[PDB]
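Engineer: Submitted below is the structure of interest, expressed as structure tokens.
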Amino acid sequence: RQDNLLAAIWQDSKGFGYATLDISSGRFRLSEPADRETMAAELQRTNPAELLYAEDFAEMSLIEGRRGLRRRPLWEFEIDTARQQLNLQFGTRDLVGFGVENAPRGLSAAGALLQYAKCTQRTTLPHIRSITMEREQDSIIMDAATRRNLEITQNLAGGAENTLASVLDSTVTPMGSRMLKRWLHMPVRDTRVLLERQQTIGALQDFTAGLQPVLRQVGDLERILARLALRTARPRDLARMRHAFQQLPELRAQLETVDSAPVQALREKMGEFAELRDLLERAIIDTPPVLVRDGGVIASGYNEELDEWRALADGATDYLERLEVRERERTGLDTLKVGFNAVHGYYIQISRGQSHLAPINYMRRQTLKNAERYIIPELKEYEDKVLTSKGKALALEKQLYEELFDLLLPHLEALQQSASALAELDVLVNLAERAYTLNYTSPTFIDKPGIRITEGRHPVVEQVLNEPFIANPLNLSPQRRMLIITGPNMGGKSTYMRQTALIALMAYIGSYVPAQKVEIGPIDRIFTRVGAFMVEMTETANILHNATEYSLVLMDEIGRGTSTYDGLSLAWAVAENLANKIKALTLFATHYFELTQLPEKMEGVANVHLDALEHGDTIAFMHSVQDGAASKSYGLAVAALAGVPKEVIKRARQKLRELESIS
Amino acid sequence: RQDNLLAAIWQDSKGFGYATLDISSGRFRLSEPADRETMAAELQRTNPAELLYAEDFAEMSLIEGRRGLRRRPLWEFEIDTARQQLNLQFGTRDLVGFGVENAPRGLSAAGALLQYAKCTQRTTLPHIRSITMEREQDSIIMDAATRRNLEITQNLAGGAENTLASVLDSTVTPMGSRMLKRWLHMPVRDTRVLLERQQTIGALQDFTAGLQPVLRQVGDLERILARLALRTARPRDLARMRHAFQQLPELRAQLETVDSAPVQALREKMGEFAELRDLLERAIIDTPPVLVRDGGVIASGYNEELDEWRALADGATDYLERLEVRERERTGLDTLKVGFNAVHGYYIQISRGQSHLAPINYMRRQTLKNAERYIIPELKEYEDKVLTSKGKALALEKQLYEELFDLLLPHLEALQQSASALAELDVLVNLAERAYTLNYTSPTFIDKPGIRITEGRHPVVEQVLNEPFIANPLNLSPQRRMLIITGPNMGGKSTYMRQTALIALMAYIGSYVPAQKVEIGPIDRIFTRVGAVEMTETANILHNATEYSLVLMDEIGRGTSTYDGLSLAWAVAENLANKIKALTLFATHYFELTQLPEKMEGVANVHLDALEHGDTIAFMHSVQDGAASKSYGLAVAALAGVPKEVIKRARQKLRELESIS
Amino acid sequence: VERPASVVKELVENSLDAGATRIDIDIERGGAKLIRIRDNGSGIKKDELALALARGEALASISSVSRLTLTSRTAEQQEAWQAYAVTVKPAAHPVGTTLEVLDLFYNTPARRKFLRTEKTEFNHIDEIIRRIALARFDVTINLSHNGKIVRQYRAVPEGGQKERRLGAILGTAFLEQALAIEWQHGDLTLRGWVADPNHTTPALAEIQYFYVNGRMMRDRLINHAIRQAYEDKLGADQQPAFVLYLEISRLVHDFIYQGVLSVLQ
DNA sequence: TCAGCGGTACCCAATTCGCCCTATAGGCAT
DNA sequence: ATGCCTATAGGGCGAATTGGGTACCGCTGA
Ligand SMILES: Nc1ncnc2c1ncn2[C@@H]1O[C@H](COP(=O)(O)OP(=O)(O)NP(=O)(O)O)[C@@H](O)[C@H]1O
Ligand SMILES: Nc1ncnc2c1ncn2[C@@H]1O[C@H](COP(=O)(O)OP(=O)(O)NP(=O)(O)O)[C@@H](O)[C@H]1O
């Protein structure tokens with residue numbers, strides 16, 4: 001009912017930071033509420049019996065309504081002392097193994113709290129042996145290890161090739177590729193919004209072929225809108241927008257036939273802006289030059305005064321027709337084209353094959369690749385009279401080009417919404433293509449923690465492999481809440497492990513998942529382990545304290561340490577902890593065949609292994625998960641398959657049986 | 001005493017690719033000679049009895065004076081078939097473990113050679129079991145595994161922080177930072193050229209502080225010269241060039257006092273370049289605008305006719321002021337103001353109350369809310385002489401600016417040489433500053449392979465670490481040609497191994513090395529191993545590594561058992577002590593390997609002594625002659641953050657395991 | 001010891017007592033959060049670390065005010081023993097003593113109010129480090145502000161370029177003006193450098209760090225005697241600029257004037 | 001071939017962050 | 001009292017810096 005809770009709060013220019021401590025239990029939590037109401041709610045939620053605040057705490061209104069208030073100096077909330085004091089308190093060399101190291105705003109609160117805590121109770125704090133971050137956002141929790149290890153957007157090397165991105169990123173428009181990338185780094189867990197994606201994707205699988213080509217015409221409209229807002233847009237950017245505007249009626253027609261209320265809602269959000277289409281069609285030339293600085297952008301008939309300044313230019317336009325023709329006749333070069341340049345003025349460009357067939361009257365102006373631009377006095381004279389009056393047309397053409405923003409800026413907000421909706425459509429049509437192509441299934445979300453996969457596969461590994469993945473199922477529940485996965489080196493024991501992680505993540509982007517059938521429960525935190533002890537066990541310490549009943553744990557090659565007795569002993573304790581205490585969803589890829597005695601020791605754990613058939617020095621890996629344990633070591637058999645000399649392999653097998661004779 | 005040798009050669013747009021085969025022994029080699037003379041020397045060196053060439057081989061002159069010539073189709077030299085055929089020949093899934101995977105130019109020759117070898121012989125050739133890449137340049141041969149592990153330019157994450165670059169890269173000019181980066185990916189091994197750097201760096205240690213500010217004025221002249229050659233250079237680029245030209249007299253003076261023949265040679269390569277500096281000063285304004293498109297670039301006094309067309313555009317404000325005054329007097333309208341408009345041009349604005357009191361000469365140009373703007377023939381005439389004169393003066397500015405390329409390109413070659421020399425000076429002066437700052441020593445090169453470090457340290461780890469690096473000695477020689485480094489995690493196994501690798505690499509950029517004293521021998525190939533794959537890289541090191549090569553094995557045996565890794569590590573350590581006798585560092589957790597110094601000749605037991613007091617532990621970080629005492633993952637586990645309660649169970653589990661072994 | 005610079009002075013004096021030829025000083029947030037000095041001198045024993053926690057008494061004084069962590073490795077091969085705040089436990093350090101400090105003001109909000117900004121007090125830390133470096137050219141001193149090395153003072157061997165480091169300590173402009181003055185009148189032995197009065201800049205004139213037996217001593221009358229000698233050279237009266245090392249009291253001062261005047265003229 | 005044509009790397013250049021500085025008071029032993 | 005000294009905080013200015021703009025790079029169906 002009533003708790004004696006100690007707490008602290010601090011803010012910088014960025015946001016707020018919060019920490020608590022219960023002296024009854026020894027629970028020690030941390031958070032970074034970004035906005036004010038979240039911060040007010042967190043103080044109200046925890047209801048600390050004693051609350052710390054910095055003398056210069058700006059938004060005092062939050063803490064003017066809390067009890068047991070304490071005014072503290074600023075210097076106590078310094079991160080340097082905080083990190084130092086908390087390291088000494090827990091006996092750690094870093095706070096990376098609490099997953100709070102990269103939350104300095106809150107650690108200011110935690111730092112000030114502990115310095116105060118060690119002093120308020122002035123008692124031994126062995127029960128307070130860990131701090132943990134509770135994210136204010138409870139949609140998803142993704143650490144850097146997961147993004148770098150599951151390879152959602154970045155492979156182990158650091159490249160963006162053979163990622164989940166690269167696979168799903170067959171998006172026709174670039175703004176779709178980015179919205180796809182953001183979704184993967186922020187998997188939605190509003191089951192309603194996820195189902196809104198799953199119903200949209202199901203409806204578009206059939207209509208995906210018709211819409212994709214229309215979406216490819218649009219291009220990156222979102223980045224064009226960013227330049228339009230800055231008033232720095234280019235004519236060829238406005239041409240892409242006009243090209244995109246012409247597609248909106250076509251997209252509105254194709255999405256009208258699709259039976260999906262979210263699609264119909266997206267279709268209304270899409271808009272038309274056919275007024276803005278009409279504007280640009282009338283305003284701009286069908287294919288204008290690269291920059292507005294050149295002019296020759298805005299088509300004649302839009303502005304009459306542009307035509308008055310371009311009255312000289314109108315005479316000038318068929319003067320360039322008369323000069324291009326006369327010079328094409330005289331020289332005998334048909335690739336001869338007269339065009340404008342802001343730096344040099346008007347020039348005569350000829351193809352490189354016909355460049356040196358030009359006469360001596362032609363003076364070199366610009367040297368290009370597969371072209372040579374020239375100048376003559378008649379043009380250079382004509383260039384001057386045009387540059388000036390067409391300059392007052394170009395100044396007006398640039399002034400009218402700014403006025404095009406003034407006609408687009410009323411809808412700018414609606415165009416961004418439309419662009420985001422168009423970008424979202426590309427993503428969900430792209431996913432609808434991928435799901436249709438790869439026959440992905442729609443996973444349905446349940447209330448209790450667990451994933452029930454029917455013949456599921458690794459969504460990325462199956463695409464990059466030269467062999468069809470051996471699809472295998474998974475039955476996770478709070479009854480079967482742990483799997484000890486033993487197997488060979490380069491055996492593929494880390495596939496079924498990683499495939500499970502992607503399936504959850506792919507399910508939580510509302511996208512159809514790589515399996516025959518999946519039924520999944522709440523997975524809020526993904527915690528991962530992958531080799532390189534001063535880096536490896538630091539992550540294992542972070543996954544142990546942070547991981548909950550709902551968190552998906554993926555430990556790979558754990559206990560690669562100073563011996564086979566230190567690594568096993570830790571691995572034994574970690575597997576026990578996650579089965580005995582936390583009872584968290586854990587996927588333990590390991591070589592420790594001694595840990596295969598845990599399914600009989602522990603409740604929740606199951607022995608699985610990757611079947612591999614070895615004949616002589618060469619070997620075949622079935623890459624197929626079988627319920628059991630690895631028969632023996634295969635690094636000998638793999639070593640030859642990697643290319644290691646047979647002299648080493650023979651000597652390995654000769655030294656093996658001298659060591660295997662002991663054990 | 002000659003052999004029957006078979007070979008193949010192919011070229012692309014980039015360079016040449018080469019391969020050979022002796023049918024008596026079964027030796028198979030690969031190379032990529034970039035230039036023609038290297039390629040001619042390689043054919044001359046090998047002297048193959050039978051030589052293959054693609055029907056479309058461009059530089060035929062190389063092979064038209066050779067014997068046993070064979071004209072082959074193009075398709076046989078395709079990398080797709082080559083990789084596929086060679087993979088199934090060796091029985092590998094990749095050619096990464098030969099160190100030839102990223103050498104496609106050479107593999108075209110090798111691919112064509114083997115397809116021809118399988119057709120010339122048409123018998124079992126298991127005596128062909130390996131290929132190897134041997135680009136024996138003055139440059140050290142390093143796999144990208146070294147460059148990603150040593151963190152020369154890029155840390156494990158992909159950032160350029162906590163690198164050897166970041167530390168040594170205190171270079172004032174960017175073209176210095178790049179030449180520093182190339183040196184570190186291409187360590188020079190012409191012992192003469194290395195000593196030329198070491199004598200240069202010793203002499204500039206004192207004068208380092210005075211030169212650096214002068215070098216910061218230069219900027220990236222090298223990339224400006226690249227735009228100058230393309231005739232795409234910008235006025236501010238030419239300003240930086242002029243700013244750099246003004247420094248050459250100052251640098252020639254400072255480097256004249258410095259006693260070092262290589263410095264004096266570098267000082268002559270740099271050049272006075274006073275004549276180019278004078279031309280740029282006379283021509284350009286001290287600080288011109290961004291582009292030539294805008295004009296206002298070339299200073300008055302260079303071109304008389306530029307100043308003529310300028311004089312029209314300068315006779316403007318006084319003309320309009322007299323007009324504004326005369327028209328204000330004549331009309332009797334005091335709100336009459338003559339101003340410029342970028343959209344419409346020059347106008348005469350009168351207040352709306354006085355707008356319709358204006359005379360009949362005034363033609364309507366712009367109607368406003370609070371006024372009426374007009375145009376008259378005198379203005380409209382004056383508007384023409386301005387707008388045209390701007391353009392003609394501006395056109396002359398673009399033409400002169402292009403003409404300045406015709407005056408600079410004659411020296412372009414000499415400016416590139418000077419730029420490279422200036423970039424080299426920045427590197428050298430920066431390295432001299434770092435050696436002065438970080439108390440680095442000059443390592444002296446010996447004839448036989450081996451590194452003798454006296455209280456040496458990790459050049460990067462010492463810089464970013466809050467605590468001081470514990471100094472570490474090393475005695476590598478062809479007698480002590482391997483060290484089994486066991487101990488804890490945060491023992492300093494990987495540090496003492498990677499510190500040795502950097503020391504070699506920093507010694508082979510002619511730079512002063514992070515130690516009290518080093519005496520180092522020929523190291524031709526630096527090879528390193530680290531987890532992401534494993535067996536793939538170790539094989540490349542076994543196949544490529546020589547008596548002289550530096551081997552940096554980190555935890556061989558991260559495999560699938562206790563024995564698969566131990567047995568392999570035992571065979572690899574035996575091989576590199578028994579057969580190859582390469583300079584090898586084998587930092588591993590396998591205390592079982594500590595029975596090698598008694599088994600092998602050349603191997604020596606060392607360890608990073610760690611003394612555990614209470615629950616916590618102290619790592620001496622000091623290399624001691626012996627082996628690891630015990631397991632330390634338990635001691636580290638706490639230091640990683642793990643709850644002590646799980647360790648109390650883990651230590652109890654270890655105690656049961658200790659009773660067995 | 002309210003000023004962080006005064007604390008720095010005490011810690012360097014403890015490093016001179018150790019006889020360290022290498023000093024590295026670390027500063028955080030203007031020198032308030034961290035004052036880490038690592039030294040290679042004599043390493044006080046784990047017992048000598050415990051009583052220094054409880055020159056040892058001066059270490060106890062900063063340990064009570066701040067959470068001073070001192071780790072020292074004994075000359076006898078041994079783990080260094082690191083005493084926090086009050087916990088002593090094994091540590092890794094070469095033979096020698098390291099004196100790390102947490103926020104100097106762990107229990108004094110008045111001393112935080114007494115702290116003057118973050119840079120001006122660092123400039124006072126620099127001044128102290130600048131003065132002891134001149135007195136003891138023998139010991140290397142590396143200074144870092146907010147973890148960024150500012151000055152690289154290099155240990156000078158006997159017969160080495162004392163002027164080079166002197167030039168680094170007081171700036172190149174002082175060294176140029178500075179004329180090497182070595183005057184011995186019987187038992188009285190003066191060694192150092194005095195800036196040329198005519199071309200001496202005001203900042204060089206402010207730099208007048210007089211060391212008696214390698215201990216910084218400022219006397220207005222000694223300054224007046226050098227200022228008189230400056231006023232003898234040329235009419236303009238600028239502040240005396242002199243860095244000297246004298247082994248000696250009022251009769252000396254009479255020969256500090258004559259001894260300096262003879263070298264100056 | 002080919003003429004745009006959109007992308008893409010990369011060099012600026014105003015902006016942001018940190019460093020310096022000089023009038024502006026105080027300040028404390030005398 | 002007091003009078004020469006001294007640190008100080010806001011302001012000015014320079015050095016890093018990443019967004020913004022340009023010259024450059026393929027290149028992509030037609
Ligand atoms: N069905 C399959 N057929 C062929 N290859 C597969 C299959 N499934 C997975 N693989 C690949 O087999 C390789 C083995 O996995 P890999 O991660 O290299 O080794 P591991 O033993 O799983 N990892 P580790 O524990 O760190 O040694 C990878 O290249 C997988 O992508
Ligand atoms: N000579 C040294 N002096 C001080 N600290 C050191 C030294 N060598 C290593 N360290 C510290 O040790 C850690 C680096 O681990 P390192 O010794 O490189 O790997 P290791 O002993 O092989 N452990 P592992 O990576 O798990 O296999 C960091 O905390 C360094 O600060």
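A note on labels: chains of the structure tokens are A, B, ... as shown, every chain counts residues from 1, and ligands are counted from 1 in their shown order.
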Within 8 Å of ligand 1, counting only C-alpha atoms (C1' of nucleotides) and all ligand atoms, which protein or nucleic acid residues do you find, written as a ChimeraX atom specification?
Structural biologist: /A:458,461-462,464-471,487-495,530-531,556-557,589-591,621-624 /B:533,559-560
Engineer: Write down, as a list in words, each residue of chain E that has any atom within 12 Å of an atom of chain A, counting only C-alpha atoms (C1' of nucleotides).
Structural biologist: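 Per the criterion, chain E yields residues 20, 21, 22, 24, 25 and 26 of chain E.
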Engineer: Can I get the selected residues back with N, CA and C atoms (P, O5', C5', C4', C3', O3' and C1' of nucleotides), as a compact mmCIF listing (two decimals), in the first residue's frame?
Structural biologist:
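What ended up in part-v8.txt:
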# COMPACT_ATOMS: atom_id res chain seq x y z
P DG E 20 20.10 21.73 -43.91
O5' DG E 20 20.97 22.36 -45.09
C5' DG E 20 21.62 23.63 -44.92
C4' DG E 20 22.37 24.02 -46.17
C3' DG E 20 21.62 23.80 -47.48
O3' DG E 20 21.83 24.96 -48.30
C1' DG E 20 23.67 22.64 -47.55
P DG E 21 21.15 25.09 -49.74
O5' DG E 21 22.39 24.96 -50.73
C5' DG E 21 23.50 25.87 -50.63
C4' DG E 21 24.53 25.55 -51.68
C3' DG E 21 23.95 25.26 -53.07
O3' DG E 21 24.63 26.04 -54.06
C1' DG E 21 25.23 23.39 -52.32
P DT E 22 24.46 25.72 -55.62
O5' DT E 22 25.78 24.90 -55.95
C5' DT E 22 27.03 25.28 -55.34
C4' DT E 22 28.17 24.43 -55.86
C3' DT E 22 28.12 24.12 -57.35
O3' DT E 22 29.46 24.12 -57.88
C1' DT E 22 28.04 22.10 -56.14
P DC E 24 33.85 19.15 -61.96
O5' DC E 24 33.30 17.75 -61.43
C5' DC E 24 33.80 17.22 -60.20
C4' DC E 24 33.22 15.84 -59.96
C3' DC E 24 33.34 14.89 -61.16
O3' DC E 24 33.79 13.61 -60.71
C1' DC E 24 31.09 15.06 -60.49
P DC E 25 34.23 12.48 -61.76
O5' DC E 25 33.49 11.19 -61.21
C5' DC E 25 32.48 11.28 -60.19
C4' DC E 25 31.60 10.05 -60.18
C3' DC E 25 31.80 9.11 -61.37
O3' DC E 25 31.62 7.75 -60.98
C1' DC E 25 29.62 10.07 -61.47
P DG E 26 32.55 6.60 -61.60
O5' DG E 26 31.96 6.43 -63.07
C5' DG E 26 31.09 5.33 -63.41
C4' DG E 26 29.76 5.48 -62.73
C3' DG E 26 28.65 4.60 -63.32
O3' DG E 26 27.71 4.22 -62.31
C1' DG E 26 28.04 6.84 -63.55
Engineer: Using the chain letters and numbers from this document, which residues of region 8-223 of chain C does DSSP assign to strand (DSSP E or B), as a PyMOL selection string?
Structural biologist: chain C and resi 22-28+34-39+69-73+80-83+88-91+95-100+140-145+148-153+178-185+188-195+210-212+216
Engineer: Write as JSON, numbers by chain the residues around ligand 2, taking 10 Å as the cut-off and counting only C-alpha atoms (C1' of nucleotides) and all ligand atoms.
Structural biologist: {"A": [93, 94, 531, 532, 533, 534, 535, 536, 537, 538, 560, 561, 562], "B": [456, 457, 458, 461, 462, 464, 465, 466, 467, 468, 469, 470, 471, 472, 485, 486, 487, 488, 489, 490, 491, 492, 493, 494, 495, 496, 497, 498, 499, 530, 554, 555, 587, 588, 589, 608, 619, 620, 621, 622, 623, 633, 636], "C": [92, 93, 94]}
Engineer: Would you mind listing what lies within 9 Å of region 224-229 of chain B as a ChimeraX atom specification, with only C-alpha atoms (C1' of nucleotides) counted and same-chain residues fewer than 2 positions away left out?
Structural biologist: /B:220-222,231-234,237-238,240-241,405,408-409,412,415-416,419
Engineer: Show which residues sit within 9 Å of region 77-86 of chain A, as a PyMOL selection string. Count only C-alpha atoms (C1' of nucleotides), and ignore same-chain residues fewer than 4 positions away.
Structural biologist: (chain A and resi 10+54+72-73+90-95+101+104-105+107-115+131) or (chain C and resi 28+33-34+102-103)
Engineer: Create the file for the chosen residues now, containing N, CA, C and O atoms and written as a CSV table (one decimal), in the first residue's frame.
Structural biologist:
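Result file out.csv:
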chain,number,residue,atom,x,y,z
A,10,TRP,N,16.7,15.0,-12.5
A,10,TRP,CA,17.5,16.0,-13.1
A,10,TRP,C,17.2,16.2,-14.5
A,10,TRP,O,16.7,15.2,-15.1
A,54,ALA,N,17.8,19.0,-8.0
A,54,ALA,CA,19.0,20.0,-8.1
A,54,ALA,C,18.5,21.4,-7.9
A,54,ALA,O,17.4,21.7,-8.4
A,72,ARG,N,19.1,19.5,-3.5
A,72,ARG,CA,20.5,19.1,-3.6
A,72,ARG,C,21.3,20.0,-4.4
A,72,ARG,O,20.8,20.7,-5.3
A,73,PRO,N,22.7,20.1,-4.2
A,73,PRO,CA,23.5,20.9,-5.1
A,73,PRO,C,23.6,20.2,-6.5
A,73,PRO,O,23.3,19.1,-6.7
A,90,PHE,N,28.9,-1.3,-7.0
A,90,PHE,CA,28.6,-2.6,-7.6
A,90,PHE,C,29.9,-3.5,-7.7
A,90,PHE,O,29.7,-4.7,-7.8
A,91,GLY,N,31.0,-2.8,-7.7
A,91,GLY,CA,32.3,-3.5,-7.9
A,91,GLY,C,32.6,-3.8,-9.4
A,91,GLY,O,33.5,-4.6,-9.7
A,92,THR,N,31.9,-3.1,-10.3
A,92,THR,CA,32.1,-3.2,-11.8
A,92,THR,C,33.1,-2.2,-12.3
A,92,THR,O,33.4,-1.2,-11.5
A,93,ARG,N,33.8,-2.5,-13.4
A,93,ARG,CA,34.7,-1.6,-14.1
A,93,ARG,C,34.0,-0.7,-15.1
A,93,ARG,O,34.7,0.2,-15.6
A,94,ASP,N,32.7,-0.9,-15.3
A,94,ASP,CA,31.8,-0.1,-16.2
A,94,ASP,C,30.4,-0.4,-15.9
A,94,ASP,O,30.1,-1.5,-15.3
A,95,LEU,N,29.5,0.5,-16.2
A,95,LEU,CA,28.0,0.4,-16.1
A,95,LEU,C,27.4,0.0,-17.4
A,95,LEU,O,26.1,0.2,-17.6
A,101,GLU,N,24.7,2.5,-19.2
A,101,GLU,CA,25.9,3.3,-19.5
A,101,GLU,C,25.6,4.5,-20.4
A,101,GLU,O,26.1,5.6,-20.1
A,104,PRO,N,23.1,8.9,-19.8
A,104,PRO,CA,23.8,9.8,-18.8
A,104,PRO,C,22.9,10.8,-18.0
A,104,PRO,O,23.1,11.0,-16.9
A,105,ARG,N,21.8,11.2,-18.7
A,105,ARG,CA,20.8,12.1,-18.2
A,105,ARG,C,20.2,11.5,-16.9
A,105,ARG,O,20.1,12.3,-15.9
A,107,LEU,N,21.6,8.9,-15.2
A,107,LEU,CA,22.7,8.5,-14.3
A,107,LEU,C,23.1,9.7,-13.5
A,107,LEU,O,23.7,9.4,-12.4
A,108,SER,N,22.8,10.9,-13.9
A,108,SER,CA,23.0,12.2,-13.1
A,108,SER,C,22.1,12.0,-11.8
A,108,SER,O,22.6,12.4,-10.7
A,109,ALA,N,20.8,11.6,-12.0
A,109,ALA,CA,19.9,11.3,-10.9
A,109,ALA,C,20.4,10.1,-10.1
A,109,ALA,O,20.4,10.3,-8.9
A,110,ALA,N,20.7,9.0,-10.7
A,110,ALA,CA,21.2,7.8,-10.1
A,110,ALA,C,22.5,8.1,-9.3
A,110,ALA,O,22.6,7.6,-8.1
A,111,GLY,N,23.4,8.9,-9.9
A,111,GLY,CA,24.7,9.3,-9.3
A,111,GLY,C,24.5,10.1,-8.0
A,111,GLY,O,25.1,9.8,-7.0
A,112,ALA,N,23.6,11.1,-8.1
A,112,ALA,CA,23.1,12.0,-7.0
A,112,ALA,C,22.4,11.2,-5.9
A,112,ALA,O,22.6,11.4,-4.7
A,113,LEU,N,21.6,10.2,-6.4
A,113,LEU,CA,20.7,9.3,-5.5
A,113,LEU,C,21.7,8.5,-4.6
A,113,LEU,O,21.4,8.4,-3.4
A,114,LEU,N,22.6,7.8,-5.2
A,114,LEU,CA,23.5,6.8,-4.5
A,114,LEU,C,24.4,7.5,-3.5
A,114,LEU,O,24.5,7.0,-2.4
A,115,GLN,N,25.1,8.6,-3.9
A,115,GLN,CA,25.9,9.5,-3.1
A,115,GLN,C,25.1,9.8,-1.8
A,115,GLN,O,25.6,9.8,-0.7
A,131,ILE,N,21.9,-1.9,-10.9
A,131,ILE,CA,20.9,-0.9,-11.4
A,131,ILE,C,20.5,-1.4,-12.8
A,131,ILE,O,21.2,-2.2,-13.4
C,28,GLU,N,39.8,17.5,-14.8
C,28,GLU,CA,38.4,17.4,-15.3
C,28,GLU,C,37.5,18.6,-14.8
C,28,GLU,O,37.6,18.9,-13.6
C,33,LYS,N,36.8,18.0,-10.7
C,33,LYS,CA,36.3,16.6,-10.6
C,33,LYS,C,37.4,15.6,-10.5
C,33,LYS,O,37.3,14.6,-9.7
C,34,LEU,N,38.5,15.8,-11.2
C,34,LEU,CA,39.7,14.9,-11.3
C,34,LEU,C,41.0,15.7,-11.1
C,34,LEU,O,41.2,16.7,-11.8
C,102,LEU,N,38.9,12.8,-6.3
C,102,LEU,CA,37.5,13.0,-6.9
C,102,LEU,C,37.2,14.4,-6.7
C,102,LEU,O,38.1,15.2,-6.4
C,103,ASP,N,35.9,14.9,-6.8
C,103,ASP,CA,35.6,16.3,-6.7
C,103,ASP,C,36.3,16.8,-5.4
C,103,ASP,O,36.0,16.2,-4.3
Engineer: Please find the residues of chain D near chain C - the criterion being any atom within 12 Å, counting only C-alpha atoms (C1' of nucleotides) - and write them as a PyMOL selection string.
Structural biologist: chain D and resi 18-21
Engineer: Pick out the chain B residues within 10 Å of chain D. Count only C-alpha atoms (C1' of nucleotides). Give them as a PyMOL selection string.
Structural biologist: chain B and resi 223+236+290
Engineer: Take the residues from that selection and write them out as a compact mmCIF listing (two decimals), in the first residue's frame, keeping C-alpha atoms.
Structural biologist:
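Result file is again_12.txt:
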# COMPACT_ATOMS: atom_id res chain seq x y z
CA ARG B 223 42.92 18.19 -54.17
CA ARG B 236 38.96 30.29 -53.06
CA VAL B 290 33.02 31.38 -53.94
Engineer: Please list as a PyMOL selection string every residue within 7 Å of region 399-409 of chain A, counting only C-alpha atoms (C1' of nucleotides) and excluding residues in the same chain fewer than 2 positions away.
Structural biologist: chain A and resi 228+231+276+395-397+411-412
Engineer: Any chance you could export the current selection's N, CA, C and O atoms as a CSV table (one decimal), in the first residue's frame?
Structural biologist:
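Produced file part36.csv, reproduced below:
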chain,number,residue,atom,x,y,z
A,228,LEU,N,12.0,22.0,-50.9
A,228,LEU,CA,10.9,22.9,-51.2
A,228,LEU,C,10.7,23.8,-50.0
A,228,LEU,O,10.5,25.0,-50.2
A,231,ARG,N,13.2,26.3,-49.6
A,231,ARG,CA,13.1,27.2,-50.8
A,231,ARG,C,14.4,27.0,-51.6
A,231,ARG,O,14.9,28.1,-52.1
A,276,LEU,N,-2.0,21.6,-57.8
A,276,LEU,CA,-0.6,21.8,-57.8
A,276,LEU,C,0.1,21.1,-59.0
A,276,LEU,O,1.1,21.6,-59.4
A,395,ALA,N,15.6,36.5,-63.4
A,395,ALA,CA,15.3,37.1,-62.1
A,395,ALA,C,13.9,36.9,-61.8
A,395,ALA,O,13.5,36.5,-60.7
A,396,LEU,N,13.0,37.3,-62.7
A,396,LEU,CA,11.5,37.1,-62.6
A,396,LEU,C,11.2,35.6,-62.6
A,396,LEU,O,10.3,35.2,-61.9
A,397,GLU,N,12.0,34.8,-63.4
A,397,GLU,CA,11.8,33.3,-63.5
A,397,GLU,C,12.1,32.7,-62.1
A,397,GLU,O,11.5,31.7,-61.8
A,411,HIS,N,-0.2,23.6,-49.0
A,411,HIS,CA,-0.3,22.1,-49.0
A,411,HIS,C,1.0,21.5,-48.4
A,411,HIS,O,0.9,20.2,-48.2
A,412,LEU,N,2.1,22.2,-48.2
A,412,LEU,CA,3.3,21.6,-47.8
A,412,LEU,C,3.1,20.6,-46.7
A,412,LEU,O,3.5,19.4,-46.9
